[PDB]
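Take a look at this single chain, the form deposited in one PDB entry, given in structure tokens.
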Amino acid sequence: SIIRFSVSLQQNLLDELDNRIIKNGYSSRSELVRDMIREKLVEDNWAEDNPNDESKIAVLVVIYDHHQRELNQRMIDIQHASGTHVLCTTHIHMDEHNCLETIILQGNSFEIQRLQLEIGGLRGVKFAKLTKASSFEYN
């Protein structure tokens, strides 16, 4: 695949850019810009997704209080009502108060995003972030 093209820009914007490359550990600006583009294309793709398309994949990362009783069940009822399909979940303890969970999800972009918003709103949930992928990155 890999093809190389050229880009222009405001040498003013470019000092914002070239400082990110430093404090972020990039070898080149070409490398930071690549990543920024890939992200934007993934977001645009999810923005404009149909609902017969239940084929997107994402990972939901949740940190929550695992002595918060019945939180697990609340989380399951929500997932079950959201329309998404959980392919896999992994759970670890981060400490006596906190558990971290990875939930691998299939569905359409808006069921998945909803699931995230509903789960983040639950008492005991301290963190709920979505990793999105699009077909072009891997098909």
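For clarity, a rigid core is taken as the largest C-alpha set superposing within 1.5 Å between two forms. When you see a residue number, it is the position in the sequence shown, counting from 1.
There is also a form deposited in another entry; it is not shown, and the following applies to it.
Chemist: Following superposition of the rigid core, which of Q106, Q79, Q113, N98 is the only residue with a C-alpha displacement of 2 Å or more between this form and the one not shown?
Modeler: Flagged residue: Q79.
Chemist: Does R123 move appreciably between this form and the one not shown, meaning a CA displacement of 2 Å or more on the superposed rigid core?
Modeler: No; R123 is a residue whose C-alpha shifts by less than 2 Å between this form and the one not shown when the cores are overlaid.
Chemist: Quick one: once the rigid core is lined up, does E43 have its C-alpha move by 2 Å or more between this form and the one not shown?
Modeler: Yes; that C-alpha moves by at least 2 Å between this form and the one not shown.
Chemist: Would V33 count as moving between this form and the one not shown, using a Cα shift of 2 angstroms or more after superposing the core as the test?
Modeler: Passes the 2 Å threshold, so yes.
Chemist: Any idea whether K129 and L41 get closer or farther by CA distance in the other form, knowing it moves 3 angstroms or more?
Modeler: Closer, not farther.
Chemist: Quick one: in the other form, is the Cα gap between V59 and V42 smaller or bigger than here? Answer closer or farther; it shifts by 3 Å or more.
Modeler: Farther apart in the other form, by 3 Å or more.
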